[PDB]
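Enquirer: Can you look at this? It's an experimental structure, sequence on top.
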Amino acid sequence: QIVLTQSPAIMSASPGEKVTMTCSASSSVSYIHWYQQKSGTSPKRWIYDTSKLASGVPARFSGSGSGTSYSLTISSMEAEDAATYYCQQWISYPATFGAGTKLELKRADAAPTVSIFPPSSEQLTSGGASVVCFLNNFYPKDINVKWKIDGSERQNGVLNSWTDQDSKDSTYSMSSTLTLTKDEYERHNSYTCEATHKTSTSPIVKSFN
Amino acid sequence: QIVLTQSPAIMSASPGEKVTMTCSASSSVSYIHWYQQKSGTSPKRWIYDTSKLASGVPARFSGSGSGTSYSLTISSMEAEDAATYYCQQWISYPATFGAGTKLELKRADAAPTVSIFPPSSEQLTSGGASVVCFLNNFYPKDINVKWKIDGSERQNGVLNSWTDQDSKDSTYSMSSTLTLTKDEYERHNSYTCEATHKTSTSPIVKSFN
Amino acid sequence: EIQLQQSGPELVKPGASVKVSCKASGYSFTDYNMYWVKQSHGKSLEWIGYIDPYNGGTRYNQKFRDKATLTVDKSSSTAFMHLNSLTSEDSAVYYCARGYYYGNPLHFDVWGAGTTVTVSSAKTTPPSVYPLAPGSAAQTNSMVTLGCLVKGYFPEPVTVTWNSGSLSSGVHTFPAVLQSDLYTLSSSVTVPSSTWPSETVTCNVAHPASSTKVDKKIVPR
Amino acid sequence: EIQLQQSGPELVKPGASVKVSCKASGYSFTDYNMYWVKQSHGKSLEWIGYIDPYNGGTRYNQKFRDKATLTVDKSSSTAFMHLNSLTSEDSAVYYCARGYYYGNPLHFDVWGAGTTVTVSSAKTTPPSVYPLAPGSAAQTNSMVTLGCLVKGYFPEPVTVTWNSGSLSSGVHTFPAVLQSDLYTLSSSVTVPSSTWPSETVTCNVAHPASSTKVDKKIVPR
Amino acid sequence: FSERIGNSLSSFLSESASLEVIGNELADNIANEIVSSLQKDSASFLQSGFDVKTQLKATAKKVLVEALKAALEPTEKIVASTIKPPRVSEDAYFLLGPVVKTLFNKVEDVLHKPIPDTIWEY
Amino acid sequence: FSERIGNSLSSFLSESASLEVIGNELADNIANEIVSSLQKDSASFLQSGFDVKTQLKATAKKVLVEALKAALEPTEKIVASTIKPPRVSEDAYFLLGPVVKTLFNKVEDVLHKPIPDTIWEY
Ligand code: NA
Ligand code: NA
């Protein structure tokens, strides 16, 4: 019944920057609780009773709020602080949560390590032919990939997959698998993977024949 | 609702004798309270919460209970112990009391000090004539008084009054005033006051002319 | 100290109402409750009702639901009891008491002096006092009993001292007996034959109702 | 320590029911309550209900009043969640959590591992694994990225290690993407050119659903 | 301890126990529980002396009742309002007030803290 | 102290205060009062230390709720019986049980100790 709107939906932060995320409500709440969740993990109790910190939480975290606008703040961003943070309330049944506020880390912009690979004999043995292109350890997240064939194009098979902030370098990665029929594969010779970035006056591209 | 019956209605006791009075109820009670009252005085808190003693209560007092049979007992009767004792309950509304158990002191049998007095000139001035008889310091209480006139009798005017245990000697007293008209008074000559004390085989008697 | 003061006796005409009071002191008037009780015959004790000073709510016994009416005044630290349609059956001594409920059934820790209320259409009449002297002088045993006779007064409360109270030992004052709206009291004193004829004895009487206070020299004859 | 264990993922045919469990240990299973929560998309969190172990009484969200049914068993220190009429909208991750009310609105101090439930009439199909080796070999950098391609399996949970996990640094495993009831995952590894041709590299895969575990030597061409 | 709380209350139906007895024995459990709770918490207290521990079970019990006493009248008003029309049908409130107030009288009796039955009105 | 008890409760009607807020702030008064009650009685306590006095207001407050929790279900049964026919007309109990249990559910919510509404039956 109570709608909790957290903004921004996503948020970047450089180590040391003051971070502040909101959870705007439709009505008032006395107490609130904040939970941290990282990729592939269960939520963790982060801030119980509005401002009390849980067992094993640094002091840079101090979440407050009053009425309908409760917010979480951090004095100094750090690597382990990067995670998704949700707001929760149980003043009124039912219990509701916010949309979620993801917290990323800011790295110097980096260039992707582009790799491309042809199909496998074992796959061609099965009548199928796939071509993969790997775009590892880049920043920021926004990038576009296009595929070409002998100066042509084909969006019938483009399947892209993304990663999240790397635990070690806070970089990203992507996969494009291009699936094709055994016949249409050899029908062409030159196969290419295109990538458009920001620190990339020259679009980075890799191919073969 | 709950009827509290205390027996005996009246009770004598010699100094040092074990005294125990009852309060028979119609139903059960958890707690009970006992009150002491002397002649002409307000009741006093004696034993509250069944067995707790009040500020200014000797230790010889130990009141008990058995659901429906609650009882007050004294190890050693004493002079100051002489009084009327009531049992009280407030388990159910309304709150009720026992009939009351009077507690007298046992004295060696004594003979009454019989005195008799004629009317007063001031009374005869008003047309009235009374004759008084005083029977002081006797024991026990049960005695009879008869009045006679020249060997005759007259119960038309016999007015007797009793006292209670004297604080000092545990003795008693009585008055009989015989009221008469100024005329019927002098119509006779001999006036007599008889005392039928029961340890006085010879009735104690006083008269005049 | 902790003491509950009341009003004096009330002579009230039958079928009238009366409003007795009971003041408190020493403790906090408002923290404890005030209960009211009746005693007929000087024998049987009966609860009427009670009232919470702070809340002001009353609780009555069914028998006296409308006979009795309780009120209070915190300013004076006082509680009152109001009665209506007074009959002979309603004449007795009325006490006021304190209490506090602490889980166990309630008891009474403090009691007032008792207010004796008398219902009677009979008038207030002062007493008639007559002395009593040993008549024949016929037995000079070493202790001569003297007397004092109080007759014909209403209401009942009257006090008797001897030599203005100095003579406290060896006195006997008998309960009065009513006959035709008139109370009849007697008192006696026992003293040695060697004192009274020389030591002027006197008998002190009072009847505040009629405001009557008189003494009587006792003389031999 | 205080830890809440759950059941593993369940592939369930549409329109069927399932009974997941959540066991407790370290603390007193019966003193705290058990709440049940759902997370679709890995984004939105929704409360379903909860149950008092000692009393056994349940409390549901209106949305899941009859969809969900909770039970418990103190013997096993376990709580259960019962579901009916499963739809695509009912496929998500379900958590279990602990709590005890101390006046303030309740929060969640302990969380379970999360049980991922998959509703699909699609069959369990083992995966097909294909390696990825640099063909023209023209990547003469100091670092040659290799790959491993997993195609055609259901349900989704599949694990990928390299050299049986020894190679932990410099790996990238990408989320799978569904197409025609078939999941397709890939992983990569970045290593120096001076190692792989000499150090026989291999890629480890598992698909417990079909109970399928296979490796693949990676070779140059 | 959650047992001692359930056990005492269960004795109203079984044994037809007096309302006074049940309330009296529960305060013991809590006072006994708080007193028993703290001996486990602090060590400076655990060695403070027996005369320092028994007096506690009283101070709690006294405050508990005196608090309960002062808390009765506002509870009726709250109850009254929570059930006073239009919160409930007036045709239904005809059957509620009286029975609510009768049982609330039953309490007014035991604690000897009478509250007039006026709060329940129309 | 009788004031602080009336003040907290009066805030249900005025301010339309949350039921949770009122119950929470009252336990403080008692805990605040018991701690304040004992400082007046014993001297060994008044000199026990500040870290020893605040801990009291807490230890009490926790026990209070835990007692209240364990005490809820037996109360519904008691409440049910004291008002369940033949104590009241069955044609009348048709209007009583539901709303009694409605409010008793409202509590089941806040304390998060649900009780099935079966106790209320026929
Ligand atoms: Na009332
Ligand atoms: Na319920």
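Expert: Right, received. Where do you want to start? Numbering: from 1, shown residues only, chains lettered A, B, ... in the order given. Ligands and ions are numbered 1, 2, ... in the order given.
Enquirer: how's chain A carved up into domains?
Expert: Here the domain parsing of chain A from automatic domain parsing is A:4-103, A:113-208.
Enquirer: can you tell if the longest one touches ligand 2?
Expert: No: under the criterion of C-beta under 5 Å from the ion, ligand 2 is not reached by domain A:4-103; the shortest gap measures 12.6 Å. C-beta here means a position set from N, CA and C on the backbone, and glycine is covered the same way.
Enquirer: and the spatially most central residue of chain E, what element?
Expert: In chain E, the residue lying closest to the centroid (C-alpha atoms, centre = their mean) is residue E:68, at 6.0 Å. Of the helices and strands defined by DSSP states H and E, residue E:68 is found in helix E:50-70.
Enquirer: got the residue ranges for the helices in chain A?
Expert: Counting by DSSP state H, residue ranges of the helices within chain A are A:121-124, A:182-187.
Enquirer: export the ones you listed to TSV and tack on distance to residue A:49 and mean neighbour count?
Expert: Listed next are the helices of chain A as TSV, based on distance: least, C-beta to C-beta, whole Å; neighbours: other C-beta atoms under 10 Å in any protein chain shown:
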stretch	distance to residue A:49	mean neighbour count
helix A:121-124	57	15
helix A:182-187	61	13
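Enquirer: Nearest to residue D:91, out of those helices?
Expert: helix A:121-124 (29.9 Å; C-beta to C-beta).
Enquirer: So what's the gap between that closest one and the chain middle?
Expert: 33 Å (C-alpha atoms, centre = their mean, to the nearest Å).
Enquirer: likewise stretch A:34-48?
Expert: The answer for stretch A:34-48 is 17 Å, by C-alpha atoms, centre = their mean.
Enquirer: What are the phi and psi values at the residue in chain A positioned nearest to ligand 2?
Expert: With C-beta to the ion, the shortest gap between chain A and ligand 2 falls at residue A:93, namely 12.6 Å. Here is the backbone geometry of residue A:93 (degrees, to the nearest 10): phi -70, psi 140.
Enquirer: Equivalent analysis for residue E:103, please.
Expert: phi -70, psi -30.
Enquirer: Near it, how many residues? Count them for me, please.
Expert: Counted by other C-beta atoms under 10 Å in any protein chain shown, the residues lying close to residue E:103 total 13.
Enquirer: For the closest residue to residue A:36 other than its chain neighbours, give me its contacts.
Expert: Sequence neighbours aside, residue A:46 is the residue nearest to residue A:36 in space, at 4.4 Å (criterion: C-beta to C-beta, 6 or more residues apart in numbering or on different chains). Contact analysis of residue A:46 by C-beta atoms under 8 Å, 6 or more residues apart in numbering or on different chains lists A:33-36, A:53-54, A:57, A:61, A:85.
Enquirer: are any of those residues buried, and which?
Expert: With neighbours counted using 16 or more other C-beta atoms under 10 Å in any protein chain shown, these contain these buried positions: A:33-36, A:53-54, A:61, A:85.
Enquirer: who wins for proximity to residue C:88 among the domains of chain A?
Expert: Between the domains of chain A, domain A:4-103 lies closest to residue C:88; by C-beta to C-beta that is 66.6 Å.
Enquirer: State the distance from the closest residue to chain B within chain E to chain D.
Expert: As assessed by C-beta to the nearest C-beta, chain B sits closest to residue E:109 within chain E, at 5.7 Å. From residue E:109 over to chain D the distance is 31 Å, taken as C-beta to the nearest C-beta, to the nearest Å.
Enquirer: And what about that residue, helix, strand or coil?
Expert: helix (DSSP: H, G, I helix; E, B strand; the rest coil).
Enquirer: now the one 3 residues further on
Expert: At residue E:112, secondary structure determined by three-state DSSP is coil.
Enquirer: Repeat that for residue E:94.
Expert: helix.
Enquirer: Centroid-nearest residue for chain A?
Expert: Mean-position check on chain A, C-alpha atoms, centre = their mean. Result residue A:164 at 3.8 Å.
Enquirer: Nearest residue to the closest residue to chain C within chain A in space, please, no chain neighbours.
Expert: Closest approach between chain A and chain C, counting by C-beta to the nearest C-beta: residue A:30, at 32.1 Å. Distances taken as C-beta to C-beta, 6+ apart place residue A:91 nearest to residue A:30, at 6.3 Å, with adjacent residues excluded.
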